[PDB]
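Next up: a single chain in structure tokens, the form deposited in one PDB entry.
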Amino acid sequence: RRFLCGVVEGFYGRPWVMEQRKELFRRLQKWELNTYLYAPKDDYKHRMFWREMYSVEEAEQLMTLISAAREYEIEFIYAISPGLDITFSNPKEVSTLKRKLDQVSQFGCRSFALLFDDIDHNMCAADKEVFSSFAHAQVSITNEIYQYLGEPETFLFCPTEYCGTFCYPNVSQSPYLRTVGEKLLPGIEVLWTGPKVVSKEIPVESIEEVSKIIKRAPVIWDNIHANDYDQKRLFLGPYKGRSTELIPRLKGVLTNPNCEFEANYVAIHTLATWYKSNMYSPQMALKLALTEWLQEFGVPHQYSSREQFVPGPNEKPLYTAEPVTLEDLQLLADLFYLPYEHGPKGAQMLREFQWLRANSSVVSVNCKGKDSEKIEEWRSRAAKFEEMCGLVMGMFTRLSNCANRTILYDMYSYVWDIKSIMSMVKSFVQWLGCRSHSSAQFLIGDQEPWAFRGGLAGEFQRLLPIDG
């Protein structure tokens, strides 16, 4: 029994380059994964201009990539999303799609996929006069394409309702899914993402409910680490919430990585472990992933003293960089953890800061003459918060010194923003703690720079109501 397990490049934004893809293939072979799906959203010949034919240079790049995939024995699936503007009752569209897929096949590609995600539910008059339903047209064209290609072993189809929240009026009673399941050829696999576009967790019964309609085990398109729906978010936490019992009931698992290429290492590793368990503990998986990931940071750059200056007792010490340690990576992971929850350490820091803010009046003004226990407790908790902020700043400082700076350079902005805001919070907490004897305004320099934090986007964000 073959099982699909791997990565889908299907995020918006700047696409990955050939070097990154080759390194990804090497890592996938190391981690015992077998599937790579190529459907980058912002590739003009993939989705928006699918009708065009690849140029010679693009053809050479594709052939090199496919041969590299062959070297590492990673299945390579090429996807097309013609649903943006394709007309189903016009044979010219079908002929063009066939020619495009044949050009892809002549490069040595073996597996193909057709996607109809994120399109409209309307049909032109030309198709409404032929097909009884939208699903009917989609299934008919998919079946014809599948039969033309010679019935490859692997073939993926993404329905238009790829999540429960897009099923109307529900999953079991959706006419679209019923028609697709009835009329689709048995040899094609079907993508599914769970109850929601970004599903926090997958109950087992939902998969069975979907399978009762599609009459086949689906292939999971998991967006647990996708970050193209709000690109301020970075996700470095482990794979979590998916019970292993789904493995016998699924035909494959395919993960959507973060837009930043180097930020997905841990995620992919966790996924492999999650698979390799049952051919599972999130905490252990994350520990192993970070332990393996640390080896790629190497050592920080240091002065090369291969007639060499050595300082004396009264000379200023040389600049020395400290290595990046396990604790720094764990703190980084907790700072950017999961879409629906934070890491334990970051959540605890936030709760402690909120508590300190709430009880500022205990010692803010004229603390002398008040209850000693409250003063000591508040000051101690403030000190612990200060130490954690210092840990964050030291993490950033040590990460800045890595010899292999590329790992940091692909996610520089997020860590830089979090360390800046931690510094500002530390300054604010100090100002709160010194109010009883310092009546000056809680300024940084001569001003309050956070009045411009986030600019116009930050200002608009600040006015959105929340319950807490």
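So that there is no doubt, residue numbering starts at 1 and follows the sequence shown.
J.: Does the deposited sequence hold unmodelled residues between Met279 and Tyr280, and if so, how many: none, 1 to 3, 4 to 9, or 10 or more?
T.: The entry has a long gap there, with 10 or more residues left out between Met279 and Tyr280.
J.: Would you mind checking whether any residues of the deposited sequence sit unmodelled between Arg306 and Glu307, and how many (none, 1 to 3, 4 to 9, 10 or more)?
T.: Unresolved stretch here: 10 or more residues.
Below, we turn to the form solved in complex with a small molecule, even though it does not appear here.
J.: Which single stretch, out of 341 to 349, 378 to 386, 116 to 124, 171 to 179, brings residue heavy atoms within 4.5 Å of the small molecule in the bound PDB entry?
T.: Selected stretch: 116 to 124.
J.: Ok, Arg435, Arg27, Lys426, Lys41: which has a heavy atom sitting within 4.5 Å of the small molecule in the bound PDB entry?
T.: Only one listed residue qualifies here, and that residue is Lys41.
J.: Between the options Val210, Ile141, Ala226, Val392, which residue brings a heavy atom to within 4.5 Å of the small molecule in the bound PDB entry?
T.: None of the others qualify; the residue that does is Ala226.
J.: Even though the partner isn't displayed, in the bound PDB entry is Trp221 close enough to the small molecule, meaning a heavy atom within 4.5 Å?
T.: Yes, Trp221 is a contact residue.
J.: Under a 4.5 Å heavy atom criterion, is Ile268 part of the interface with the small molecule in the bound PDB entry?
T.: No, no contact at 4.5 Å.
J.: Is there a heavy atom of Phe452 no more than 4.5 Å from a heavy atom of the small molecule in the bound PDB entry?
T.: No, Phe452 sits far enough from the small molecule in the bound PDB entry that none of its heavy atoms falls within 4.5 Å.
J.: So in the bound PDB entry, is the small molecule close enough to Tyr280 to count as touching (4.5 Å, heavy atoms)?
T.: No, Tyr280 stays farther than 4.5 Å from the small molecule in the bound PDB entry.
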